[PDB]
2 protein chains.
Amino acid sequence: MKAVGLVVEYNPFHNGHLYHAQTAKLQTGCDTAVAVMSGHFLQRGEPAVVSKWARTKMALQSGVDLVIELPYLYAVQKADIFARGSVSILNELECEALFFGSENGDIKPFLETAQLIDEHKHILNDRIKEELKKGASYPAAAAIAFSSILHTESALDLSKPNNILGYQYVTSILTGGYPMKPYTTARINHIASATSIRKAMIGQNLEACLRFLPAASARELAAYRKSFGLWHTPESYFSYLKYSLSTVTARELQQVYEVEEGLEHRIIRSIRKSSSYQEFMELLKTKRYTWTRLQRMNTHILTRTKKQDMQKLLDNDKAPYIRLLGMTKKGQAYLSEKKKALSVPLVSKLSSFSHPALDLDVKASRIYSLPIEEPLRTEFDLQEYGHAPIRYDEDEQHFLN
Amino acid sequence: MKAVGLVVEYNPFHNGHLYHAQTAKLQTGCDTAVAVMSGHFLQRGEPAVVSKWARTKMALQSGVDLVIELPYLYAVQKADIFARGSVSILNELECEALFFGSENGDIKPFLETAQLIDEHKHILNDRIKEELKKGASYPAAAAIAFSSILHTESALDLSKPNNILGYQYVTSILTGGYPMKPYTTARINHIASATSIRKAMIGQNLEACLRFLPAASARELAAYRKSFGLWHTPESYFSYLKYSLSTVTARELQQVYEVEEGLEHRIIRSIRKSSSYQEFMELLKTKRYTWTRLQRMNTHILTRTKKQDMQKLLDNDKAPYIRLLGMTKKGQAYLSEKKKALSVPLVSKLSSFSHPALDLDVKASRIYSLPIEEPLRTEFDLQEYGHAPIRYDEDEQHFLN
Ligand SMILES: Nc1ncnc2c1ncn2[C@@H]1O[C@H](COP(=O)(O)CP(=O)(O)OP(=O)(O)O)[C@@H](O)[C@H]1O
Ligand SMILES: Nc1ncnc2c1ncn2[C@@H]1O[C@H](COP(=O)(O)CP(=O)(O)OP(=O)(O)O)[C@@H](O)[C@H]1O
């Protein structure tokens, strides 16, 4: 009984995510698909359109057996830390495999580059040395060193995003010592992208994106809209970001994770006169800061996550806990088989453990719900503590809760 | 040139305030009405209905010749402190007279009581401790020691808020030795309480109040809700209370001004389960908290005002500055005559001076606009700076700005 791991934000689950989970099981030979998912704030620093409890329910009927929350600790980070934490969660769960998409069905060039960078790391790092001495920036210096070994056309494209993630996955399995075998396929009812489907619902029009969405997704979505009265956008939080930066001191703001030295001054100038998140993002953007990095900082500013607390938790070599969002009868089975073997606690109901990284997960949720119009927001809030793992039965349609 | 000082929060300015400003210059013989007025958040603890700017306008048109902000420092405080700073500012501007409405039109039991109490002030703390050592609570031991005198047929219930403030201005005066003579009268087109008016405005009723409000005051409110789309309610800020209590730990919330030790827990717990500001309160009530003290505490939570901020600022026996909100023709001439006399900065353009207490008023002003939707909110936030001090022409109605 062998498990194939998937690193996923499911934003939301669509037929393309369906191609992933079925190919995965098929290609890897695993009967069980375990997905580790970013819950309410994702890798690029934006909120999930819908609660992780909803998106858990979608995937459980779409062919995923276990849904484990990737803690906020590793979820809002660039790819290498993101991959480091997610892969540690899959390693902890004894997945024989890791299945990641890029535009290539070929797993080889990811491997070829890895060792190449792995082995030349010294040569690479020493080459970054000389270059900063010639007066280059570090990113330049890095771009220069890579190019000596890398510019052979393999060709691994470090541009196309989901490739980058794949490389870091391969990276993490390599330096972690994990008995994990990386797989992959070329990313593709012709299927549409996660983003463009978000634009749909956002425009209140959910009807454009259907044939691209699995059935059960559409329901729980429309259910989430009917239940809590909104779909979530970054702009939903702008008033709360605006409060956050109002109640902070520049000294305090300097200590927020991803606010680099000196920027807290630029930050504050911008928010007072910004009428939108868009405008605010605009005034903010620098060379030192890519869009998505800013959305990560703003998120940490939103959750008021400090640097030291963050360095504290990133220090841990493995995932602090395994957070159980949902399971099939198979996922429950696989689990109860490997549960004894887990070296960190399995969290189903929130009362079952206490860790600083989990407070983070729960605080993220407490912020997330704010755009819900009261009292509906309050009802929602009972879930994080209330909701026990979501259990689906693949003999069709039995939820036990 | 003679001014009478007026300690006020016009929320809104009503028929009771119109009559009190005329009688002021009447009974005090002073050619000038100088009001010190809570800016945005008030003594009762709640948000002002309308910005300090527009409320200044209901006053300048009703015979108040000068309006100074009562800093948050003084404004959102227990009456003992609120009285001190307000009276303190009015003497800085050298008001020779003081005028306050009251449930007792009679200053003599105000003057008596105060002059009575210090005469015995040793006798009290003895009977207090005698009650205290016998195990009485603080207010009880106070209620008892204080009823060992004063309990004659006089009445002048200091169970009444007006008599409270009134005694407190008078006390601050005498204790301060200020050369300012205090006056008072009872409270009576027609006339009701600002509160009864507010609650009527909350009840989707404005022109109902028009017997109870002067014209300018009435004309001024409509333009507000027109431009920013709201009247400001305590409940209106609830989401930002939920959000601000969502990011804070216990030991951080402990350090907020007016949050007693250990009460952080109950607050943090209660905010989660409250879908209503009202619900929130009832979960928070302990006999060591009046209802206003709770409200006041909730403001400090919203503005993130810390014990050390407050207490380190509360220390001084003078006022940090004079913020000029607005002035009439008469007012300006009075400011000019005494301008050289102010021992503390006269702040007109905020640019001119920077102070931690001033920093605090600016903070409250950014907190104030939060319920306002954009584009307006960003535009509201402009007013604390690039707003020239308002000026109005006493004789036939002209603002010069
Ligand atoms: N059409 C498709 N074909 C193959 N794999 C897919 C796919 N759609 C999604 N996946 C895979 O599913 C895994 C998790 O996907 P997510 O990260 O949730 C969505 P995404 O594809 O990154 O959205 P995006 O297209 O807006 O970037 C990734 O390994 C991704 O490659
Ligand atoms: N109708 C009236 N008669 C006498 N005094 C009045 C009055 N209305 C207000 N005042 C006095 O004017 C001063 C300023 O009052 P504010 O603090 O601005 C509102 P308030 O008076 O507390 O509301 P209220 O008028 O509903 O009591 C107070 O000292 C109050 O006693």
# chains A, B, ... in the order shown; residues from 1 in each chain; ligands from 1
call {"tool": "residues_near_ligand", "arguments": {"ligand": "ligand 2", "cutoff": "9 Å", "atoms": "only C-alpha atoms and all ligand atoms", "output": "PyMOL selection string"}}
result
chain B and resi 6-21+37-38+43-44+99-103+105+161-163+165-166+184-188+191-197
call {"tool": "write_last_selection", "arguments": {"atoms": "C-alpha atoms", "output": "short mmCIF file (atom, residue, chain, number, x, y, z; two decimals), in the first residue's frame"}}
result
data_model
loop_
_atom_site.label_atom_id
_atom_site.label_comp_id
_atom_site.auth_asym_id
_atom_site.auth_seq_id
_atom_site.Cartn_x
_atom_site.Cartn_y
_atom_site.Cartn_z
CA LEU B 6 -16.18 75.62 27.56
CA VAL B 7 -15.43 71.95 28.12
CA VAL B 8 -17.56 70.18 25.50
CA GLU B 9 -18.07 67.35 23.05
CA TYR B 10 -20.68 68.38 20.58
CA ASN B 11 -22.09 65.04 19.55
CA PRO B 12 -23.95 66.63 18.00
CA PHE B 13 -24.25 70.30 18.98
CA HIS B 14 -27.87 70.73 20.04
CA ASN B 15 -30.36 73.28 21.30
CA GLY B 16 -28.84 72.66 24.74
CA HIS B 17 -25.39 73.63 23.53
CA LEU B 18 -26.69 76.64 21.55
CA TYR B 19 -28.32 78.06 24.67
CA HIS B 20 -25.31 77.18 26.82
CA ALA B 21 -22.87 79.11 24.58
CA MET B 37 -13.58 69.62 22.55
CA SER B 38 -12.90 65.90 22.18
CA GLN B 43 -15.08 60.61 27.13
CA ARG B 44 -18.05 58.27 27.11
CA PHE B 99 -19.19 77.55 32.46
CA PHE B 100 -20.84 74.10 32.70
CA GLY B 101 -24.40 72.83 32.64
CA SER B 102 -25.48 70.49 35.41
CA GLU B 103 -28.32 68.77 37.19
CA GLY B 105 -27.82 74.91 38.60
CA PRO B 161 -22.69 62.67 35.56
CA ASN B 162 -23.07 66.42 35.25
CA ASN B 163 -22.43 67.03 38.91
CA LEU B 165 -17.78 66.56 35.80
CA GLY B 166 -18.83 69.85 37.36
CA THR B 184 -23.07 76.59 36.25
CA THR B 185 -26.77 76.31 35.50
CA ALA B 186 -29.40 73.58 35.38
CA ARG B 187 -30.37 71.60 32.30
CA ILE B 188 -33.76 72.06 30.62
CA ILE B 191 -34.65 70.56 23.76
CA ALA B 192 -33.59 66.95 24.34
CA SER B 193 -30.38 65.09 25.14
CA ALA B 194 -27.68 64.52 22.54
CA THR B 195 -28.07 60.86 23.44
CA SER B 196 -31.83 60.85 22.84
CA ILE B 197 -30.98 62.65 19.62
#
call {"tool": "select_by_dssp", "arguments": {"residues": "range 107-349 of chain B", "states": "strand (DSSP E or B)", "output": "ChimeraX atom specification"}}
result
/B:181-186,256,306,322-327,346-347
call {"tool": "interface_residues", "arguments": {"of": "chain B", "to": "chain A", "cutoff": "12 Å", "atoms": "only C-alpha atoms", "output": "MDAnalysis selection string"}}
result
chainID B and resid 235:249 268 270:277 279:280 300:306 356 359:360 362:385
call {"tool": "residues_around", "arguments": {"residues": "residue 261 in chain A", "least_positions_apart": "4", "cutoff": "12 Å", "atoms": "only C-alpha atoms", "output": "ChimeraX atom specification"}}
result
/A:250-257,265-267,288,307
call {"tool": "residues_around", "arguments": {"residues": "residue 394 in chain A", "least_positions_apart": "2", "cutoff": "12 Å", "atoms": "only C-alpha atoms", "output": "PyMOL selection string"}}
result
chain A and resi 59-65+327-332+391-392+396-400
call {"tool": "atom_distance", "arguments": {"atom1": "atom 11 (C, counted along the ligand's line) of ligand 1", "atom2": "CA of residue 113 in chain A"}}
result
20.9 Å
call {"tool": "closest_residue", "arguments": {"among": "A:23, A:351, A:286, A:56", "to": "ligand 1", "atoms": "only C-alpha atoms and all ligand atoms"}}
result
A:23
call {"tool": "atom_distance", "arguments": {"atom1": "CA of residue 289 in chain A", "atom2": "CA of residue 176 in chain A"}}
result
29.3 Å
call {"tool": "closest_residue", "arguments": {"among": "A:283, A:26, A:98, A:87", "to": "ligand 1", "atoms": "only C-alpha atoms and all ligand atoms"}}
result
A:98
call {"tool": "select_by_dssp", "arguments": {"residues": "range 89-224 of chain A", "states": "alpha helix (DSSP H)", "output": "MDAnalysis selection string"}}
result
chainID A and resid 89:92 108:133 138:150 161:176 194:202 215:224
call {"tool": "closest_residue", "arguments": {"among": "A:175, A:227, A:189, A:204", "to": "ligand 1", "atoms": "only C-alpha atoms and all ligand atoms"}}
result
A:189
call {"tool": "atom_distance", "arguments": {"atom1": "CA of residue 296 in chain A", "atom2": "CA of residue 79 in chain A"}}
result
12.2 Å
call {"tool": "closest_residue", "arguments": {"among": "A:321, A:228, A:167, A:291", "to": "ligand 1", "atoms": "only C-alpha atoms and all ligand atoms"}}
result
A:167
call {"tool": "residues_around", "arguments": {"residues": "residue 74 in chain B", "least_positions_apart": "2", "cutoff": "10 Å", "atoms": "only C-alpha atoms", "output": "ChimeraX atom specification"}}
result
/B:38,42-43,69-72,76-86,310,313-314,319,357
call {"tool": "decode", "arguments": {"residues": "range 193-204 of chain B", "atoms": "N, CA and C atoms", "output": "compact mmCIF listing (two decimals), in the first residue's frame"}}
result
# COMPACT_ATOMS: atom_id res chain seq x y z
N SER B 193 -31.77 65.47 24.92
CA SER B 193 -30.38 65.09 25.14
C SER B 193 -29.74 64.64 23.85
N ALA B 194 -28.45 64.94 23.70
CA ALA B 194 -27.68 64.52 22.54
C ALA B 194 -27.84 63.02 22.34
N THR B 195 -27.88 62.30 23.45
CA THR B 195 -28.07 60.86 23.44
C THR B 195 -29.42 60.48 22.86
N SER B 196 -30.48 61.10 23.36
CA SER B 196 -31.83 60.85 22.84
C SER B 196 -31.89 61.24 21.37
N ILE B 197 -31.11 62.25 21.01
CA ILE B 197 -30.98 62.65 19.62
C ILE B 197 -30.23 61.61 18.82
N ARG B 198 -29.06 61.21 19.31
CA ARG B 198 -28.25 60.19 18.65
C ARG B 198 -29.08 58.96 18.36
N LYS B 199 -29.67 58.41 19.42
CA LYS B 199 -30.45 57.20 19.32
C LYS B 199 -31.61 57.39 18.35
N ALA B 200 -32.08 58.63 18.23
CA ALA B 200 -33.10 58.95 17.24
C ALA B 200 -32.49 58.96 15.85
N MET B 201 -31.28 59.48 15.71
CA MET B 201 -30.60 59.42 14.42
C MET B 201 -30.27 57.97 14.02
N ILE B 202 -29.95 57.14 15.01
CA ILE B 202 -29.67 55.72 14.78
C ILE B 202 -30.94 55.01 14.33
N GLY B 203 -32.07 55.56 14.74
CA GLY B 203 -33.38 55.01 14.42
C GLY B 203 -33.90 55.52 13.10
N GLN B 204 -32.96 55.92 12.23
CA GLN B 204 -33.26 56.38 10.88
C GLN B 204 -34.12 57.64 10.91
